[PDB]
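Structure record follows, encoded as structure tokens.
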There are 2 protein chains.
Amino acid sequence: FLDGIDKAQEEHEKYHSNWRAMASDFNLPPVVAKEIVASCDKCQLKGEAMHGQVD
Amino acid sequence: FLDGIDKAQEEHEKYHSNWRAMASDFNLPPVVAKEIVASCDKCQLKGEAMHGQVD
Ligand SMILES: [Zn+2]
Ligand SMILES: [Zn+2]
């Protein structure tokens, strides 16, 4: 679990690749690749959330 | 990977337990338990984000 992710985590930092790319790069299920995105605040929170246009 | 999560995912829905509880319940590493939280929008986005107090 942590072994493949350690090498995969570095790849994420280098390009912030999507979980689909990391999954194929290490042939790991989306759960492992998706979790790396969950730890990456930049790829996880993509704006949206709120910040409406104010009333 | 998906087998334990399937049973663990149901437990998450029942109580929205934190990844620490699910990890101990199925004795799985934080990566597997943390990913379930990543899929749960209610436990993932806990307000914050933005929504400042306006100027
Ligand atoms: Zn990223
Ligand atoms: Zn939840």
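Identifiers in the structure tokens: chain A, B, ... in order shown; residue index from 1 per chain; ligand index from 1 in order shown.
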Practice problem: Just need the residues of chain B within 9 Å of chain A, counting only C-alpha atoms, so spit them out as a ChimeraX atom specification. | Solution: /B:1-2,29,31-32,34-39,44-45,47-52,54
Result of fitting chain B to chain A over every paired C-alpha, as a PDB file with N, CA, C and O atoms, in the first residue's frame:
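Full text of selection-v3.pdb as output:
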```pdb
ATOM      1  N   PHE B   1       0.866  -1.224  -0.014  1.00  0.00           N
ATOM      2  CA  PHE B   1       0.008  -0.004  -0.007  1.00  0.00           C
ATOM      3  C   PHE B   1       0.887   1.249  -0.006  1.00  0.00           C
ATOM      4  O   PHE B   1       0.872   2.035  -0.929  1.00  0.00           O
ATOM      5  N   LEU B   2       1.629   1.450   1.044  1.00  0.00           N
ATOM      6  CA  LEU B   2       2.486   2.664   1.143  1.00  0.00           C
ATOM      7  C   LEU B   2       3.700   2.565   0.202  1.00  0.00           C
ATOM      8  O   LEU B   2       4.229   3.566  -0.235  1.00  0.00           O
ATOM      9  N   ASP B   3       4.167   1.382  -0.089  1.00  0.00           N
ATOM     10  CA  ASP B   3       5.370   1.253  -0.972  1.00  0.00           C
ATOM     11  C   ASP B   3       5.104   1.821  -2.374  1.00  0.00           C
ATOM     12  O   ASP B   3       5.807   2.701  -2.840  1.00  0.00           O
ATOM     13  N   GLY B   4       4.106   1.330  -3.052  1.00  0.00           N
ATOM     14  CA  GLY B   4       3.816   1.843  -4.425  1.00  0.00           C
ATOM     15  C   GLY B   4       3.450   3.325  -4.358  1.00  0.00           C
ATOM     16  O   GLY B   4       3.859   4.118  -5.183  1.00  0.00           O
ATOM     17  N   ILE B   5       2.677   3.701  -3.384  1.00  0.00           N
ATOM     18  CA  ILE B   5       2.266   5.125  -3.253  1.00  0.00           C
ATOM     19  C   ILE B   5       3.485   6.022  -3.083  1.00  0.00           C
ATOM     20  O   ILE B   5       3.542   7.109  -3.623  1.00  0.00           O
ATOM     21  N   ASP B   6       4.455   5.597  -2.329  1.00  0.00           N
ATOM     22  CA  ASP B   6       5.645   6.463  -2.135  1.00  0.00           C
ATOM     23  C   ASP B   6       6.216   6.828  -3.500  1.00  0.00           C
ATOM     24  O   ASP B   6       6.461   7.982  -3.791  1.00  0.00           O
ATOM     25  N   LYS B   7       6.412   5.863  -4.354  1.00  0.00           N
ATOM     26  CA  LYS B   7       6.949   6.183  -5.706  1.00  0.00           C
ATOM     27  C   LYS B   7       5.887   6.934  -6.507  1.00  0.00           C
ATOM     28  O   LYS B   7       6.181   7.873  -7.222  1.00  0.00           O
ATOM     29  N   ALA B   8       4.652   6.534  -6.384  1.00  0.00           N
ATOM     30  CA  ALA B   8       3.567   7.222  -7.132  1.00  0.00           C
ATOM     31  C   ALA B   8       3.386   8.641  -6.598  1.00  0.00           C
ATOM     32  O   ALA B   8       3.109   9.562  -7.339  1.00  0.00           O
ATOM     33  N   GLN B   9       3.518   8.826  -5.316  1.00  0.00           N
ATOM     34  CA  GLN B   9       3.328  10.187  -4.756  1.00  0.00           C
ATOM     35  C   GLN B   9       4.324  11.148  -5.399  1.00  0.00           C
ATOM     36  O   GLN B   9       3.995  12.274  -5.714  1.00  0.00           O
ATOM     37  N   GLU B  10       5.539  10.714  -5.613  1.00  0.00           N
ATOM     38  CA  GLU B  10       6.540  11.619  -6.249  1.00  0.00           C
ATOM     39  C   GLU B  10       6.053  11.986  -7.653  1.00  0.00           C
ATOM     40  O   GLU B  10       6.124  13.127  -8.067  1.00  0.00           O
ATOM     41  N   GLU B  11       5.545  11.028  -8.386  1.00  0.00           N
ATOM     42  CA  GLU B  11       5.038  11.328  -9.757  1.00  0.00           C
ATOM     43  C   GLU B  11       3.920  12.360  -9.654  1.00  0.00           C
ATOM     44  O   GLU B  11       3.822  13.267 -10.457  1.00  0.00           O
ATOM     45  N   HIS B  12       3.072  12.229  -8.672  1.00  0.00           N
ATOM     46  CA  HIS B  12       1.969  13.213  -8.528  1.00  0.00           C
ATOM     47  C   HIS B  12       2.552  14.609  -8.333  1.00  0.00           C
ATOM     48  O   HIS B  12       2.112  15.570  -8.924  1.00  0.00           O
ATOM     49  N   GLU B  13       3.526  14.726  -7.486  1.00  0.00           N
ATOM     50  CA  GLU B  13       4.135  16.057  -7.225  1.00  0.00           C
ATOM     51  C   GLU B  13       4.744  16.625  -8.512  1.00  0.00           C
ATOM     52  O   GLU B  13       4.636  17.801  -8.798  1.00  0.00           O
ATOM     53  N   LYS B  14       5.403  15.800  -9.269  1.00  0.00           N
ATOM     54  CA  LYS B  14       6.053  16.273 -10.522  1.00  0.00           C
ATOM     55  C   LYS B  14       5.052  16.846 -11.533  1.00  0.00           C
ATOM     56  O   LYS B  14       5.368  17.780 -12.242  1.00  0.00           O
ATOM     57  N   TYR B  15       3.878  16.269 -11.658  1.00  0.00           N
ATOM     58  CA  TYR B  15       2.905  16.769 -12.693  1.00  0.00           C
ATOM     59  C   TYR B  15       1.484  16.913 -12.136  1.00  0.00           C
ATOM     60  O   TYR B  15       0.582  17.296 -12.853  1.00  0.00           O
ATOM     61  N   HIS B  16       1.249  16.566 -10.902  1.00  0.00           N
ATOM     62  CA  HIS B  16      -0.141  16.647 -10.367  1.00  0.00           C
ATOM     63  C   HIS B  16      -1.033  15.851 -11.311  1.00  0.00           C
ATOM     64  O   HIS B  16      -2.128  16.256 -11.650  1.00  0.00           O
ATOM     65  N   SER B  17      -0.547  14.729 -11.763  1.00  0.00           N
ATOM     66  CA  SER B  17      -1.334  13.913 -12.717  1.00  0.00           C
ATOM     67  C   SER B  17      -2.656  13.479 -12.080  1.00  0.00           C
ATOM     68  O   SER B  17      -2.784  13.407 -10.873  1.00  0.00           O
ATOM     69  N   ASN B  18      -3.639  13.184 -12.888  1.00  0.00           N
ATOM     70  CA  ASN B  18      -4.952  12.747 -12.338  1.00  0.00           C
ATOM     71  C   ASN B  18      -4.828  11.311 -11.832  1.00  0.00           C
ATOM     72  O   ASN B  18      -3.921  10.592 -12.198  1.00  0.00           O
ATOM     73  N   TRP B  19      -5.727  10.883 -10.989  1.00  0.00           N
ATOM     74  CA  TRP B  19      -5.640   9.491 -10.464  1.00  0.00           C
ATOM     75  C   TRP B  19      -5.648   8.486 -11.619  1.00  0.00           C
ATOM     76  O   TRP B  19      -5.069   7.425 -11.523  1.00  0.00           O
ATOM     77  N   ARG B  20      -6.297   8.801 -12.704  1.00  0.00           N
ATOM     78  CA  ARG B  20      -6.328   7.843 -13.846  1.00  0.00           C
ATOM     79  C   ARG B  20      -4.913   7.599 -14.371  1.00  0.00           C
ATOM     80  O   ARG B  20      -4.551   6.491 -14.714  1.00  0.00           O
ATOM     81  N   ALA B  21      -4.114   8.624 -14.450  1.00  0.00           N
ATOM     82  CA  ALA B  21      -2.725   8.442 -14.959  1.00  0.00           C
ATOM     83  C   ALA B  21      -1.902   7.654 -13.937  1.00  0.00           C
ATOM     84  O   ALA B  21      -1.238   6.691 -14.267  1.00  0.00           O
ATOM     85  N   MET B  22      -1.951   8.050 -12.698  1.00  0.00           N
ATOM     86  CA  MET B  22      -1.167   7.325 -11.663  1.00  0.00           C
ATOM     87  C   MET B  22      -1.625   5.869 -11.596  1.00  0.00           C
ATOM     88  O   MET B  22      -0.822   4.967 -11.448  1.00  0.00           O
ATOM     89  N   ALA B  23      -2.903   5.627 -11.702  1.00  0.00           N
ATOM     90  CA  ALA B  23      -3.386   4.218 -11.641  1.00  0.00           C
ATOM     91  C   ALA B  23      -2.738   3.417 -12.767  1.00  0.00           C
ATOM     92  O   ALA B  23      -2.253   2.320 -12.568  1.00  0.00           O
ATOM     93  N   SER B  24      -2.725   3.960 -13.950  1.00  0.00           N
ATOM     94  CA  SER B  24      -2.110   3.240 -15.099  1.00  0.00           C
ATOM     95  C   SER B  24      -0.589   3.177 -14.938  1.00  0.00           C
ATOM     96  O   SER B  24       0.041   2.200 -15.297  1.00  0.00           O
ATOM     97  N   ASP B  25       0.007   4.222 -14.428  1.00  0.00           N
ATOM     98  CA  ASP B  25       1.491   4.236 -14.272  1.00  0.00           C
ATOM     99  C   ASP B  25       1.950   3.105 -13.355  1.00  0.00           C
ATOM    100  O   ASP B  25       2.958   2.470 -13.601  1.00  0.00           O
ATOM    101  N   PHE B  26       1.227   2.854 -12.297  1.00  0.00           N
ATOM    102  CA  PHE B  26       1.616   1.768 -11.342  1.00  0.00           C
ATOM    103  C   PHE B  26       0.601   0.628 -11.412  1.00  0.00           C
ATOM    104  O   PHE B  26       0.671  -0.325 -10.661  1.00  0.00           O
ATOM    105  N   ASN B  27      -0.338   0.718 -12.316  1.00  0.00           N
ATOM    106  CA  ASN B  27      -1.361  -0.359 -12.453  1.00  0.00           C
ATOM    107  C   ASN B  27      -2.046  -0.601 -11.104  1.00  0.00           C
ATOM    108  O   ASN B  27      -2.287  -1.725 -10.717  1.00  0.00           O
ATOM    109  N   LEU B  28      -2.371   0.451 -10.391  1.00  0.00           N
ATOM    110  CA  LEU B  28      -3.054   0.296  -9.062  1.00  0.00           C
ATOM    111  C   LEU B  28      -4.520   0.720  -9.213  1.00  0.00           C
ATOM    112  O   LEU B  28      -4.836   1.553 -10.041  1.00  0.00           O
ATOM    113  N   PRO B  29      -5.421   0.166  -8.427  1.00  0.00           N
ATOM    114  CA  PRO B  29      -6.868   0.526  -8.511  1.00  0.00           C
ATOM    115  C   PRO B  29      -7.083   2.016  -8.234  1.00  0.00           C
ATOM    116  O   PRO B  29      -6.228   2.677  -7.677  1.00  0.00           O
ATOM    117  N   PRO B  30      -8.214   2.541  -8.616  1.00  0.00           N
ATOM    118  CA  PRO B  30      -8.536   3.978  -8.399  1.00  0.00           C
ATOM    119  C   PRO B  30      -8.435   4.356  -6.920  1.00  0.00           C
ATOM    120  O   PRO B  30      -8.058   5.451  -6.571  1.00  0.00           O
ATOM    121  N   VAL B  31      -8.782   3.457  -6.051  1.00  0.00           N
ATOM    122  CA  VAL B  31      -8.723   3.770  -4.600  1.00  0.00           C
ATOM    123  C   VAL B  31      -7.333   4.260  -4.228  1.00  0.00           C
ATOM    124  O   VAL B  31      -7.180   5.273  -3.575  1.00  0.00           O
ATOM    125  N   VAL B  32      -6.318   3.558  -4.622  1.00  0.00           N
ATOM    126  CA  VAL B  32      -4.955   4.011  -4.254  1.00  0.00           C
ATOM    127  C   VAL B  32      -4.636   5.320  -4.976  1.00  0.00           C
ATOM    128  O   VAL B  32      -4.183   6.278  -4.379  1.00  0.00           O
ATOM    129  N   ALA B  33      -4.869   5.366  -6.255  1.00  0.00           N
ATOM    130  CA  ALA B  33      -4.579   6.610  -7.016  1.00  0.00           C
ATOM    131  C   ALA B  33      -5.500   7.745  -6.550  1.00  0.00           C
ATOM    132  O   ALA B  33      -5.067   8.869  -6.374  1.00  0.00           O
ATOM    133  N   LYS B  34      -6.765   7.473  -6.347  1.00  0.00           N
ATOM    134  CA  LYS B  34      -7.684   8.554  -5.893  1.00  0.00           C
ATOM    135  C   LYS B  34      -7.239   9.098  -4.539  1.00  0.00           C
ATOM    136  O   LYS B  34      -7.358  10.277  -4.271  1.00  0.00           O
ATOM    137  N   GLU B  35      -6.750   8.257  -3.668  1.00  0.00           N
ATOM    138  CA  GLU B  35      -6.332   8.760  -2.332  1.00  0.00           C
ATOM    139  C   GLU B  35      -5.207   9.788  -2.478  1.00  0.00           C
ATOM    140  O   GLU B  35      -5.171  10.773  -1.768  1.00  0.00           O
ATOM    141  N   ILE B  36      -4.287   9.583  -3.382  1.00  0.00           N
ATOM    142  CA  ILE B  36      -3.186  10.577  -3.530  1.00  0.00           C
ATOM    143  C   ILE B  36      -3.805  11.929  -3.865  1.00  0.00           C
ATOM    144  O   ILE B  36      -3.391  12.956  -3.368  1.00  0.00           O
ATOM    145  N   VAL B  37      -4.800  11.935  -4.701  1.00  0.00           N
ATOM    146  CA  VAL B  37      -5.461  13.218  -5.048  1.00  0.00           C
ATOM    147  C   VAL B  37      -6.111  13.789  -3.785  1.00  0.00           C
ATOM    148  O   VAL B  37      -6.098  14.981  -3.546  1.00  0.00           O
ATOM    149  N   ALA B  38      -6.679  12.935  -2.974  1.00  0.00           N
ATOM    150  CA  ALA B  38      -7.329  13.403  -1.714  1.00  0.00           C
ATOM    151  C   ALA B  38      -6.298  14.107  -0.828  1.00  0.00           C
ATOM    152  O   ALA B  38      -6.614  15.033  -0.112  1.00  0.00           O
ATOM    153  N   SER B  39      -5.068  13.671  -0.859  1.00  0.00           N
ATOM    154  CA  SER B  39      -4.033  14.322  -0.005  1.00  0.00           C
ATOM    155  C   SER B  39      -3.555  15.607  -0.679  1.00  0.00           C
ATOM    156  O   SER B  39      -3.101  16.529  -0.028  1.00  0.00           O
ATOM    157  N   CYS B  40      -3.656  15.679  -1.977  1.00  0.00           N
ATOM    158  CA  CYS B  40      -3.205  16.906  -2.691  1.00  0.00           C
ATOM    159  C   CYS B  40      -4.294  17.978  -2.612  1.00  0.00           C
ATOM    160  O   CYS B  40      -5.301  17.910  -3.288  1.00  0.00           O
ATOM    161  N   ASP B  41      -4.099  18.962  -1.784  1.00  0.00           N
ATOM    162  CA  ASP B  41      -5.113  20.042  -1.646  1.00  0.00           C
ATOM    163  C   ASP B  41      -5.307  20.781  -2.975  1.00  0.00           C
ATOM    164  O   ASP B  41      -6.371  21.292  -3.256  1.00  0.00           O
ATOM    165  N   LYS B  42      -4.291  20.870  -3.788  1.00  0.00           N
ATOM    166  CA  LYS B  42      -4.444  21.610  -5.077  1.00  0.00           C
ATOM    167  C   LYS B  42      -5.328  20.827  -6.050  1.00  0.00           C
ATOM    168  O   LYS B  42      -6.159  21.393  -6.735  1.00  0.00           O
ATOM    169  N   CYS B  43      -5.169  19.535  -6.121  1.00  0.00           N
ATOM    170  CA  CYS B  43      -6.011  18.734  -7.053  1.00  0.00           C
ATOM    171  C   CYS B  43      -7.337  18.376  -6.371  1.00  0.00           C
ATOM    172  O   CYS B  43      -8.328  18.109  -7.022  1.00  0.00           O
ATOM    173  N   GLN B  44      -7.362  18.359  -5.065  1.00  0.00           N
ATOM    174  CA  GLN B  44      -8.623  18.004  -4.350  1.00  0.00           C
ATOM    175  C   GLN B  44      -9.609  19.169  -4.418  1.00  0.00           C
ATOM    176  O   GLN B  44     -10.631  19.092  -5.069  1.00  0.00           O
ATOM    177  N   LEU B  45      -9.319  20.247  -3.749  1.00  0.00           N
ATOM    178  CA  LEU B  45     -10.254  21.409  -3.779  1.00  0.00           C
ATOM    179  C   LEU B  45     -10.018  22.227  -5.052  1.00  0.00           C
ATOM    180  O   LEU B  45      -9.059  22.967  -5.157  1.00  0.00           O
ATOM    181  N   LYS B  46     -10.897  22.106  -6.019  1.00  0.00           N
ATOM    182  CA  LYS B  46     -10.746  22.880  -7.290  1.00  0.00           C
ATOM    183  C   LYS B  46     -11.691  24.086  -7.260  1.00  0.00           C
ATOM    184  O   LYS B  46     -12.631  24.166  -8.027  1.00  0.00           O
ATOM    185  N   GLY B  47     -11.452  25.020  -6.381  1.00  0.00           N
ATOM    186  CA  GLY B  47     -12.341  26.219  -6.304  1.00  0.00           C
ATOM    187  C   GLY B  47     -13.768  25.773  -5.984  1.00  0.00           C
ATOM    188  O   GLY B  47     -14.008  25.073  -5.020  1.00  0.00           O
ATOM    189  N   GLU B  48     -14.719  26.163  -6.788  1.00  0.00           N
ATOM    190  CA  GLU B  48     -16.130  25.751  -6.533  1.00  0.00           C
ATOM    191  C   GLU B  48     -16.470  25.976  -5.054  1.00  0.00           C
ATOM    192  O   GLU B  48     -16.499  27.098  -4.587  1.00  0.00           O
ATOM    193  N   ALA B  49     -16.729  24.929  -4.318  1.00  0.00           N
ATOM    194  CA  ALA B  49     -17.068  25.086  -2.873  1.00  0.00           C
ATOM    195  C   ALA B  49     -18.168  26.135  -2.702  1.00  0.00           C
ATOM    196  O   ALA B  49     -19.341  25.819  -2.670  1.00  0.00           O
ATOM    197  N   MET B  50     -17.797  27.383  -2.586  1.00  0.00           N
ATOM    198  CA  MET B  50     -18.814  28.458  -2.409  1.00  0.00           C
ATOM    199  C   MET B  50     -18.359  29.711  -3.152  1.00  0.00           C
ATOM    200  O   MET B  50     -18.284  29.731  -4.366  1.00  0.00           O
ATOM    201  N   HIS B  51     -18.059  30.760  -2.439  1.00  0.00           N
ATOM    202  CA  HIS B  51     -17.613  32.007  -3.116  1.00  0.00           C
ATOM    203  C   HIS B  51     -18.652  32.404  -4.163  1.00  0.00           C
ATOM    204  O   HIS B  51     -18.326  32.673  -5.302  1.00  0.00           O
ATOM    205  N   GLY B  52     -19.898  32.443  -3.787  1.00  0.00           N
ATOM    206  CA  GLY B  52     -20.959  32.820  -4.761  1.00  0.00           C
ATOM    207  C   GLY B  52     -20.636  34.190  -5.355  1.00  0.00           C
ATOM    208  O   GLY B  52     -19.572  34.732  -5.145  1.00  0.00           O
ATOM    209  N   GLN B  53     -21.546  34.752  -6.103  1.00  0.00           N
ATOM    210  CA  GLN B  53     -21.296  36.090  -6.718  1.00  0.00           C
ATOM    211  C   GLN B  53     -21.848  37.174  -5.794  1.00  0.00           C
ATOM    212  O   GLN B  53     -22.128  38.283  -6.206  1.00  0.00           O
ATOM    213  N   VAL B  54     -22.005  36.849  -4.542  1.00  0.00           N
ATOM    214  CA  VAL B  54     -22.536  37.836  -3.560  1.00  0.00           C
ATOM    215  C   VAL B  54     -23.921  38.309  -4.009  1.00  0.00           C
ATOM    216  O   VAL B  54     -24.268  38.236  -5.171  1.00  0.00           O
ATOM    217  N   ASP B  55     -24.720  38.796  -3.096  1.00  0.00           N
ATOM    218  CA  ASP B  55     -26.082  39.273  -3.472  1.00  0.00           C
ATOM    219  C   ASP B  55     -26.005  40.735  -3.909  1.00  0.00           C
ATOM    220  O   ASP B  55     -25.717  41.570  -3.068  1.00  0.00           O
TER     221      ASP B  55
END
```
Residues flagged helix (DSSP H, G or I) by DSSP in chain B, as a PyMOL selection string
chain B and resi 2-15+19-26+30-39+41-44
